[PDB]
>>> print(open('my_file_27.txt').read())   # compact mmCIF, N, CA, C and O atoms
# COMPACT_ATOMS: atom_id res chain seq x y z
N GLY Q 1 295.85 157.44 232.07
CA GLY Q 1 296.42 158.34 231.05
C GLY Q 1 297.63 157.74 230.37
O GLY Q 1 298.74 158.27 230.50
N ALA Q 2 297.45 156.63 229.67
CA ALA Q 2 298.55 155.97 228.98
C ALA Q 2 298.92 156.73 227.70
O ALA Q 2 298.11 157.45 227.12
N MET Q 3 300.17 156.58 227.26
CA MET Q 3 300.67 157.30 226.08
C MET Q 3 300.53 156.53 224.77
O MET Q 3 300.91 157.04 223.72
N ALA Q 4 300.05 155.30 224.82
CA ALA Q 4 299.98 154.48 223.60
C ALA Q 4 298.94 155.06 222.65
O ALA Q 4 299.15 155.09 221.44
N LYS Q 5 297.84 155.55 223.21
CA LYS Q 5 296.78 156.25 222.47
C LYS Q 5 296.31 155.43 221.27
O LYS Q 5 296.19 155.91 220.14
N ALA Q 6 296.08 154.17 221.58
CA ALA Q 6 295.68 153.18 220.60
C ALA Q 6 294.25 153.44 220.09
O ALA Q 6 293.41 153.99 220.81
N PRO Q 7 293.94 153.05 218.84
CA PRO Q 7 292.57 153.26 218.33
C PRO Q 7 291.57 152.22 218.82
O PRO Q 7 291.94 151.13 219.24
N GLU Q 8 290.30 152.57 218.73
CA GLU Q 8 289.23 151.70 219.23
C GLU Q 8 288.60 150.75 218.22
O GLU Q 8 288.26 151.12 217.09
N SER Q 9 288.38 149.53 218.67
CA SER Q 9 287.59 148.55 217.93
C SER Q 9 286.12 148.73 218.36
O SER Q 9 285.82 149.48 219.29
N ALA Q 10 285.20 148.07 217.66
CA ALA Q 10 283.78 148.30 217.85
C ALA Q 10 283.24 148.15 219.28
O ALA Q 10 282.47 149.00 219.74
N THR Q 11 283.58 147.07 219.96
CA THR Q 11 283.10 146.88 221.38
C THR Q 11 283.91 147.80 222.29
O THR Q 11 283.43 148.26 223.28
N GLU Q 12 285.17 148.00 221.94
CA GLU Q 12 286.06 148.74 222.84
C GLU Q 12 285.55 150.17 223.01
O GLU Q 12 285.63 150.73 224.12
N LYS Q 13 284.92 150.72 221.98
CA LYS Q 13 284.38 152.09 222.12
C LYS Q 13 283.24 152.17 223.11
O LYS Q 13 283.03 153.21 223.73
N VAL Q 14 282.45 151.11 223.22
CA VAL Q 14 281.30 151.11 224.12
C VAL Q 14 281.85 151.02 225.53
O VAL Q 14 281.34 151.64 226.44
N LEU Q 15 282.94 150.28 225.70
CA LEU Q 15 283.53 150.07 227.00
C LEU Q 15 284.22 151.34 227.46
O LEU Q 15 284.06 151.74 228.59
N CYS Q 16 284.90 152.03 226.55
CA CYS Q 16 285.44 153.33 226.87
C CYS Q 16 284.35 154.30 227.37
O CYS Q 16 284.61 155.13 228.26
N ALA Q 17 283.16 154.19 226.81
CA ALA Q 17 282.09 155.11 227.22
C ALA Q 17 281.59 154.73 228.60
O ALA Q 17 281.42 155.56 229.48
N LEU Q 18 281.45 153.45 228.79
CA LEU Q 18 281.01 152.91 230.03
C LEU Q 18 282.01 153.17 231.19
O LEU Q 18 281.64 153.44 232.35
N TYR Q 19 283.30 153.19 230.86
CA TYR Q 19 284.35 153.53 231.84
C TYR Q 19 284.18 155.00 232.20
O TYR Q 19 284.18 155.35 233.37
N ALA Q 20 284.05 155.85 231.18
CA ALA Q 20 283.93 157.29 231.39
C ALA Q 20 282.72 157.68 232.22
O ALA Q 20 282.79 158.59 233.03
N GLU Q 21 281.61 156.98 232.04
CA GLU Q 21 280.38 157.26 232.77
C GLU Q 21 280.57 157.10 234.28
O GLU Q 21 280.02 157.84 235.08
N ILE Q 22 281.35 156.10 234.65
CA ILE Q 22 281.60 155.81 236.05
C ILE Q 22 282.72 156.70 236.60
O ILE Q 22 282.68 157.12 237.76
N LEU Q 23 283.72 156.96 235.78
CA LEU Q 23 284.90 157.71 236.22
C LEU Q 23 284.71 159.23 236.17
O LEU Q 23 285.45 159.96 236.82
N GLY Q 24 283.72 159.70 235.43
CA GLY Q 24 283.46 161.13 235.34
C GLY Q 24 284.46 161.87 234.46
O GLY Q 24 284.80 163.01 234.76
N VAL Q 25 284.93 161.24 233.40
CA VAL Q 25 285.91 161.85 232.50
C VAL Q 25 285.35 162.20 231.14
O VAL Q 25 284.33 161.66 230.70
N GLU Q 26 286.08 163.05 230.44
CA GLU Q 26 285.76 163.44 229.08
C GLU Q 26 285.93 162.27 228.12
O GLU Q 26 285.18 162.14 227.14
N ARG Q 27 286.94 161.42 228.36
CA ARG Q 27 287.24 160.32 227.44
C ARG Q 27 288.14 159.28 228.08
O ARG Q 27 288.91 159.58 228.99
N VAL Q 28 288.07 158.07 227.56
CA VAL Q 28 288.91 156.95 227.98
C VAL Q 28 289.50 156.33 226.71
O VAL Q 28 288.77 156.12 225.73
N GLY Q 29 290.80 156.08 226.71
CA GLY Q 29 291.44 155.42 225.58
C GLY Q 29 291.33 153.92 225.76
O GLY Q 29 291.06 153.45 226.86
N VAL Q 30 291.55 153.15 224.71
CA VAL Q 30 291.43 151.69 224.82
C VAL Q 30 292.63 151.10 225.54
O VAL Q 30 292.65 149.92 225.90
N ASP Q 31 293.62 151.95 225.76
CA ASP Q 31 294.86 151.61 226.46
C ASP Q 31 294.89 152.13 227.88
O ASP Q 31 295.80 151.86 228.64
N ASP Q 32 293.85 152.85 228.27
CA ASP Q 32 293.71 153.32 229.66
C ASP Q 32 293.11 152.22 230.50
O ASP Q 32 292.02 151.73 230.17
N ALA Q 33 293.81 151.81 231.54
CA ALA Q 33 293.28 150.81 232.42
C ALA Q 33 292.24 151.47 233.32
O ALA Q 33 292.40 152.62 233.69
N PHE Q 34 291.26 150.70 233.76
CA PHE Q 34 290.23 151.20 234.67
C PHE Q 34 290.89 151.73 235.94
O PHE Q 34 290.47 152.73 236.50
N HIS Q 35 291.96 151.08 236.37
CA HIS Q 35 292.72 151.50 237.55
C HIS Q 35 293.62 152.71 237.28
O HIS Q 35 293.85 153.52 238.17
N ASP Q 36 294.09 152.87 236.05
CA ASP Q 36 294.96 154.00 235.67
C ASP Q 36 294.14 155.30 235.66
O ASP Q 36 294.67 156.39 235.84
N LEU Q 37 292.84 155.15 235.53
CA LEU Q 37 291.91 156.27 235.61
C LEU Q 37 291.56 156.59 237.07
O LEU Q 37 290.80 157.51 237.35
N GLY Q 38 292.09 155.81 238.01
CA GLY Q 38 291.79 155.99 239.42
C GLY Q 38 290.65 155.10 239.89
O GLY Q 38 290.25 155.13 241.06
N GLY Q 39 290.13 154.27 238.99
CA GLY Q 39 289.04 153.38 239.34
C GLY Q 39 289.47 152.28 240.30
O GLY Q 39 290.64 151.90 240.36
N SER Q 40 288.51 151.76 241.05
CA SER Q 40 288.77 150.71 242.03
C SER Q 40 288.02 149.44 241.66
O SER Q 40 287.07 149.49 240.89
N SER Q 41 288.41 148.31 242.24
CA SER Q 41 287.76 147.03 241.96
C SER Q 41 286.27 147.05 242.29
O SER Q 41 285.47 146.43 241.59
N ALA Q 42 285.88 147.79 243.32
CA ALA Q 42 284.46 147.91 243.68
C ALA Q 42 283.67 148.59 242.56
O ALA Q 42 282.53 148.22 242.27
N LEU Q 43 284.27 149.58 241.91
CA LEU Q 43 283.61 150.30 240.82
C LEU Q 43 283.58 149.39 239.60
O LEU Q 43 282.62 149.39 238.84
N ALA Q 44 284.61 148.57 239.45
CA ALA Q 44 284.68 147.61 238.34
C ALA Q 44 283.58 146.54 238.42
O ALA Q 44 283.09 146.08 237.42
N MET Q 45 283.12 146.22 239.61
CA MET Q 45 281.97 145.31 239.77
C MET Q 45 280.67 145.97 239.30
O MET Q 45 279.79 145.33 238.73
N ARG Q 46 280.55 147.28 239.52
CA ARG Q 46 279.35 148.03 239.10
C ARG Q 46 279.36 148.22 237.58
O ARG Q 46 278.32 148.25 236.94
N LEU Q 47 280.56 148.31 237.02
CA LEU Q 47 280.76 148.40 235.58
C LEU Q 47 280.11 147.22 234.87
O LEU Q 47 279.52 147.38 233.81
N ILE Q 48 280.18 146.04 235.48
CA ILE Q 48 279.63 144.83 234.87
C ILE Q 48 278.13 145.00 234.65
O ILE Q 48 277.61 144.65 233.60
N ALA Q 49 277.45 145.57 235.64
CA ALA Q 49 276.02 145.77 235.56
C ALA Q 49 275.66 146.74 234.44
O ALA Q 49 274.73 146.49 233.67
N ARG Q 50 276.39 147.84 234.33
CA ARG Q 50 276.10 148.85 233.27
C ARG Q 50 276.36 148.25 231.91
O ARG Q 50 275.58 148.45 230.99
N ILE Q 51 277.44 147.51 231.75
CA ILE Q 51 277.70 146.81 230.47
C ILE Q 51 276.52 145.90 230.14
O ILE Q 51 276.10 145.83 228.98
N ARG Q 52 275.95 145.24 231.13
CA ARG Q 52 274.80 144.37 230.88
C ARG Q 52 273.56 145.15 230.45
O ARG Q 52 272.83 144.70 229.58
N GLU Q 53 273.33 146.32 231.02
CA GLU Q 53 272.17 147.12 230.62
C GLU Q 53 272.32 147.62 229.18
O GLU Q 53 271.36 147.62 228.42
N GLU Q 54 273.51 148.06 228.82
CA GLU Q 54 273.74 148.67 227.51
C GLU Q 54 273.95 147.67 226.37
O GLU Q 54 273.47 147.87 225.26
N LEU Q 55 274.69 146.60 226.64
CA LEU Q 55 275.07 145.63 225.60
C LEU Q 55 274.44 144.25 225.78
O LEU Q 55 274.55 143.40 224.89
N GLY Q 56 273.82 144.00 226.92
CA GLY Q 56 273.17 142.71 227.16
C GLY Q 56 274.13 141.58 227.53
O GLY Q 56 273.77 140.41 227.44
N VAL Q 57 275.36 141.92 227.88
CA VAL Q 57 276.39 140.92 228.17
C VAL Q 57 277.03 141.10 229.55
O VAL Q 57 277.18 142.20 230.04
N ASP Q 58 277.39 139.98 230.15
CA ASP Q 58 277.99 139.94 231.47
C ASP Q 58 279.41 139.40 231.39
O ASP Q 58 279.75 138.63 230.49
N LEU Q 59 280.25 139.80 232.34
CA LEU Q 59 281.62 139.33 232.42
C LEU Q 59 281.93 139.13 233.90
O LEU Q 59 281.70 140.03 234.70
N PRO Q 60 282.47 137.96 234.30
CA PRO Q 60 282.77 137.88 235.73
C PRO Q 60 283.95 138.77 236.11
O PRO Q 60 284.86 139.00 235.31
N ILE Q 61 283.97 139.24 237.35
CA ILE Q 61 285.05 140.11 237.84
C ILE Q 61 286.41 139.40 237.76
O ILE Q 61 287.44 140.03 237.62
N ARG Q 62 286.38 138.07 237.76
CA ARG Q 62 287.59 137.26 237.60
C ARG Q 62 288.33 137.62 236.32
O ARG Q 62 289.54 137.76 236.31
N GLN Q 63 287.58 137.75 235.23
CA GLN Q 63 288.18 138.04 233.94
C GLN Q 63 288.58 139.50 233.86
O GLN Q 63 289.54 139.84 233.19
N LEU Q 64 287.85 140.35 234.57
CA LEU Q 64 288.12 141.79 234.57
C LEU Q 64 289.48 142.11 235.19
O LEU Q 64 290.15 143.03 234.76
N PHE Q 65 289.91 141.32 236.16
CA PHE Q 65 291.25 141.51 236.74
C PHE Q 65 292.35 141.31 235.69
O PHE Q 65 293.38 141.97 235.73
N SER Q 66 292.11 140.41 234.75
CA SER Q 66 293.06 140.14 233.67
C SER Q 66 292.80 141.04 232.46
O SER Q 66 293.54 141.02 231.49
N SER Q 67 291.72 141.80 232.53
CA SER Q 67 291.28 142.66 231.44
C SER Q 67 291.04 144.09 231.94
O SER Q 67 289.90 144.55 231.97
N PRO Q 68 292.09 144.79 232.39
CA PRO Q 68 291.82 146.10 233.01
C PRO Q 68 291.50 147.23 232.03
O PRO Q 68 290.99 148.26 232.45
N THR Q 69 291.82 147.06 230.76
CA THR Q 69 291.57 148.10 229.75
C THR Q 69 290.32 147.75 228.93
O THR Q 69 289.96 146.57 228.84
N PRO Q 70 289.71 148.75 228.25
CA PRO Q 70 288.61 148.39 227.34
C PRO Q 70 289.00 147.34 226.29
O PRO Q 70 288.20 146.48 225.98
N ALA Q 71 290.22 147.42 225.78
CA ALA Q 71 290.65 146.49 224.79
C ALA Q 71 290.77 145.09 225.33
O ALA Q 71 290.56 144.10 224.61
N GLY Q 72 291.00 144.97 226.62
CA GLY Q 72 291.05 143.68 227.28
C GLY Q 72 289.67 143.14 227.52
O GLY Q 72 289.41 141.96 227.29
N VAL Q 73 288.76 143.98 227.98
CA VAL Q 73 287.40 143.53 228.26
C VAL Q 73 286.71 143.08 226.97
O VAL Q 73 286.03 142.07 226.96
N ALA Q 74 286.91 143.79 225.87
CA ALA Q 74 286.25 143.43 224.62
C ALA Q 74 286.62 142.04 224.10
O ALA Q 74 285.75 141.30 223.65
N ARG Q 75 287.88 141.66 224.20
CA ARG Q 75 288.29 140.33 223.73
C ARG Q 75 287.80 139.27 224.71
O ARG Q 75 287.45 138.17 224.31
N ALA Q 76 287.72 139.63 225.98
CA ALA Q 76 287.18 138.73 227.00
C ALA Q 76 285.67 138.50 226.74
O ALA Q 76 285.19 137.38 226.89
N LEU Q 77 284.96 139.54 226.31
CA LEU Q 77 283.54 139.43 225.94
C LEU Q 77 283.40 138.51 224.73
O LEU Q 77 282.50 137.68 224.66
N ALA Q 78 284.29 138.69 223.76
CA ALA Q 78 284.23 137.94 222.51
C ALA Q 78 284.38 136.43 222.73
O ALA Q 78 283.84 135.63 221.97
N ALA Q 79 285.08 136.04 223.78
CA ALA Q 79 285.25 134.62 224.10
C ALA Q 79 283.90 133.94 224.40
O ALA Q 79 283.75 132.74 224.20
N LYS Q 80 282.92 134.72 224.85
CA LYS Q 80 281.59 134.18 225.16
C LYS Q 80 280.78 133.88 223.90
O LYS Q 80 279.71 133.31 224.00
N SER Q 81 281.26 134.31 222.74
CA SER Q 81 280.56 134.04 221.48
C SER Q 81 280.69 132.56 221.10
O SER Q 81 279.97 132.07 220.23
N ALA Q 82 281.61 131.86 221.75
CA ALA Q 82 281.74 130.42 221.55
C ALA Q 82 280.56 129.75 222.26
O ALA Q 82 280.06 130.28 223.25
N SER Q 83 280.13 128.60 221.78
CA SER Q 83 279.02 127.87 222.40
C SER Q 83 279.42 127.37 223.79
O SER Q 83 280.17 126.39 223.91
N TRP Q 84 278.94 128.03 224.82
CA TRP Q 84 279.28 127.70 226.20
C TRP Q 84 278.06 127.87 227.09
O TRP Q 84 277.34 128.87 227.00
N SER Q 85 277.81 126.89 227.96
CA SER Q 85 276.69 126.97 228.89
C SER Q 85 277.12 127.76 230.11
O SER Q 85 278.01 127.34 230.85
N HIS Q 86 276.46 128.88 230.35
CA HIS Q 86 276.69 129.66 231.55
C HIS Q 86 276.11 128.86 232.72
O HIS Q 86 275.20 128.06 232.53
N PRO Q 87 276.67 129.03 233.94
CA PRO Q 87 276.09 128.23 235.03
C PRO Q 87 274.67 128.65 235.38
O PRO Q 87 274.33 129.83 235.36
N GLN Q 88 273.84 127.66 235.67
CA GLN Q 88 272.43 127.88 235.99
C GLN Q 88 272.21 128.28 237.45
O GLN Q 88 273.12 128.20 238.28
N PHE Q 89 270.98 128.64 237.76
CA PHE Q 89 270.56 128.99 239.10
C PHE Q 89 269.11 128.50 239.22
O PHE Q 89 268.51 128.13 238.21
N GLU Q 90 268.58 128.43 240.43
CA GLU Q 90 267.22 127.91 240.65
C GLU Q 90 266.15 128.97 240.38
O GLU Q 90 266.46 130.15 240.25
N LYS Q 91 264.90 128.54 240.26
CA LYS Q 91 263.79 129.43 239.92
C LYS Q 91 262.95 129.71 241.16
O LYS Q 91 262.57 128.72 241.82
>>> encode(input="my_file_27.txt", output="structure tokens")
Amino acid sequence: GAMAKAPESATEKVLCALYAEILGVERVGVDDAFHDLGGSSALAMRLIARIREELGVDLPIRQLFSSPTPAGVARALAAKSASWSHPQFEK
């Protein structure tokens, strides 16, 4: 429940919705940290999966620690728009 009450950018609104779905709230501001809503790191790991189902994008929990608000996660997502090879795995 931060007082900045900042407005939402395009990805940040999807993240606010995704935060609310897990937290059980009416709304999340782009300045509300996942932890300020009472969320825990374990729930933040599950958030990654829901973001992937809805938007098709993944974020490691490493970056999420530095990106506790929707506005933080959205810019962290945007960094992946650069040409970068994600690490592979076997088949």
>>> residues_around(input="my_file_27.txt", residues="residue 8 in chain Q", least_positions_apart="2", cutoff="10 Å", atoms="only C-alpha atoms", output="ChimeraX atom specification")
/Q:5-6,10-16,29-31,70-71
>>> closest_residue(input="my_file_27.txt", among="Q:64, Q:78, Q:51, Q:3", to="residue 34 in chain Q", atoms="all atoms listed in the file")
Q:64
>>> atom_distance(input="my_file_27.txt", atom1="atom C of residue 73 in chain Q", atom2="atom O of residue 59 in chain Q")
9.7 Å
>>> atom_distance(input="my_file_27.txt", atom1="atom N of residue 38 in chain Q", atom2="atom C of residue 55 in chain Q")
24.4 Å
>>> select_by_dssp(input="my_file_27.txt", residues="chain Q", states="helix (DSSP H, G or I)", output="VMD selection string")
chain Q and resid 10 to 23 41 to 55 61 to 66 70 to 81
>>> closest_residue(input="my_file_27.txt", among="Q:45, Q:33, Q:17, Q:23", to="residue 1 in chain Q", atoms="only C-alpha atoms")
Q:33
>>> atom_distance(input="my_file_27.txt", atom1="atom O of residue 4 in chain Q", atom2="CA of residue 19 in chain Q")
18.2 Å
>>> residues_around(input="my_file_27.txt", residues="residue 18 in chain Q", least_positions_apart="6", cutoff="9 Å", atoms="only C-alpha atoms", output="NGL selection string")
:Q and (47 or 50-51 or 54)
>>> axis_aligned_box(input="my_file_27.txt", around="range 43-60 of chain Q", padding_each_side="6 Å", output="JSON")
{"center_x": 278.1, "center_y": 144.1, "center_z": 233.4, "size_x": 25.5, "size_y": 24.4, "size_z": 29.0}
>>> closest_residue(input="my_file_27.txt", among="Q:36, Q:67, Q:46, Q:9", to="residue 21 in chain Q", atoms="only C-alpha atoms")
Q:46
>>> residues_around(input="my_file_27.txt", residues="residue 87 in chain Q", least_positions_apart="3", cutoff="12 Å", atoms="only C-alpha atoms", output="PyMOL selection string")
chain Q and resi 60+84+90
>>> decode(input="my_file_27.txt", residues="chain Q", atoms="C-alpha atoms", output="short mmCIF file (atom, residue, chain, number, x, y, z; two decimals), in the first residue's frame")
data_model
loop_
_atom_site.label_atom_id
_atom_site.label_comp_id
_atom_site.auth_asym_id
_atom_site.auth_seq_id
_atom_site.Cartn_x
_atom_site.Cartn_y
_atom_site.Cartn_z
CA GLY Q 1 0.00 0.00 0.00
CA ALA Q 2 2.48 2.64 -1.15
CA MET Q 3 1.41 6.31 -1.37
CA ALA Q 4 3.17 7.16 -4.65
CA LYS Q 5 0.14 5.86 -6.61
CA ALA Q 6 2.09 5.97 -9.81
CA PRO Q 7 0.38 5.29 -13.19
CA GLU Q 8 0.74 2.08 -15.18
CA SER Q 9 2.70 1.39 -18.35
CA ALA Q 10 1.50 -1.32 -20.75
CA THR Q 11 3.31 -4.40 -19.28
CA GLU Q 12 3.04 -3.04 -15.76
CA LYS Q 13 -0.76 -3.33 -15.88
CA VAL Q 14 -0.58 -7.03 -16.71
CA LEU Q 15 1.82 -7.53 -13.82
CA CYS Q 16 -0.45 -5.66 -11.44
CA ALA Q 17 -3.21 -8.08 -12.44
CA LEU Q 18 -1.01 -11.05 -12.03
CA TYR Q 19 0.06 -9.82 -8.55
CA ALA Q 20 -3.59 -9.34 -7.57
CA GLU Q 21 -4.57 -12.83 -8.72
CA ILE Q 22 -2.09 -14.39 -6.31
CA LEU Q 23 -2.56 -11.89 -3.46
CA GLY Q 24 -6.36 -11.89 -3.52
CA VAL Q 25 -6.74 -8.10 -3.75
CA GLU Q 26 -8.97 -5.66 -5.57
CA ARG Q 27 -5.97 -3.87 -7.11
CA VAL Q 28 -2.19 -3.47 -7.14
CA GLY Q 29 -0.41 -0.21 -7.94
CA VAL Q 30 2.80 -0.16 -10.00
CA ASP Q 31 4.50 1.16 -6.88
CA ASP Q 32 3.23 -1.63 -4.62
CA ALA Q 33 5.94 -4.16 -3.99
CA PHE Q 34 4.96 -7.83 -4.07
CA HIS Q 35 6.24 -7.98 -0.48
CA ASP Q 36 4.39 -4.77 0.57
CA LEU Q 37 1.20 -6.63 -0.34
CA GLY Q 38 2.25 -9.36 2.12
CA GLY Q 39 3.57 -11.61 -0.63
CA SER Q 40 6.48 -13.98 -0.02
CA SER Q 41 9.41 -15.13 -2.16
CA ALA Q 42 7.78 -18.56 -2.56
CA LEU Q 43 4.67 -16.91 -4.07
CA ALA Q 44 6.96 -14.79 -6.27
CA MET Q 45 8.35 -18.00 -7.81
CA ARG Q 46 4.78 -19.08 -8.72
CA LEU Q 47 4.19 -15.61 -10.18
CA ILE Q 48 6.84 -16.39 -12.80
CA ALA Q 49 4.80 -19.33 -14.07
CA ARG Q 50 1.56 -17.31 -14.35
CA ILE Q 51 3.37 -14.50 -16.18
CA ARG Q 52 4.60 -17.18 -18.61
CA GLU Q 53 1.09 -18.54 -19.22
CA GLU Q 54 -0.42 -15.09 -19.82
CA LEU Q 55 2.40 -13.22 -21.61
CA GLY Q 56 4.68 -16.01 -22.84
CA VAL Q 57 7.70 -14.62 -20.97
CA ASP Q 58 9.91 -15.86 -18.14
CA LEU Q 59 12.01 -13.98 -15.58
CA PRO Q 60 14.46 -15.61 -13.20
CA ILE Q 61 13.75 -15.13 -9.47
CA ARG Q 62 17.21 -13.51 -9.31
CA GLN Q 63 15.92 -10.48 -11.18
CA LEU Q 64 12.65 -10.47 -9.24
CA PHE Q 65 14.54 -9.75 -6.00
CA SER Q 66 15.77 -6.52 -7.63
CA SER Q 67 12.35 -5.95 -9.19
CA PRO Q 68 9.79 -6.20 -6.38
CA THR Q 69 7.17 -3.90 -7.97
CA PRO Q 70 5.29 -4.33 -11.27
CA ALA Q 71 7.19 -1.36 -12.62
CA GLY Q 72 10.43 -3.14 -11.80
CA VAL Q 73 9.43 -6.45 -13.34
CA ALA Q 74 8.29 -4.80 -16.59
CA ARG Q 75 11.65 -3.12 -17.27
CA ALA Q 76 13.41 -6.35 -16.31
CA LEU Q 77 11.20 -8.15 -18.92
CA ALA Q 78 12.05 -5.50 -21.50
CA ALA Q 79 15.77 -6.27 -21.15
CA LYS Q 80 15.05 -9.68 -22.76
CA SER Q 81 13.99 -7.93 -25.98
CA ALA Q 82 17.71 -7.58 -26.72
CA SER Q 83 19.19 -10.44 -28.78
CA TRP Q 84 20.28 -12.88 -26.06
CA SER Q 85 20.57 -16.67 -26.02
CA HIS Q 86 18.73 -18.15 -23.06
CA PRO Q 87 20.56 -21.14 -21.59
CA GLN Q 88 19.73 -24.48 -23.22
CA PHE Q 89 18.72 -27.81 -21.71
CA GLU Q 90 18.81 -31.40 -23.05
CA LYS Q 91 16.01 -33.17 -24.96
#
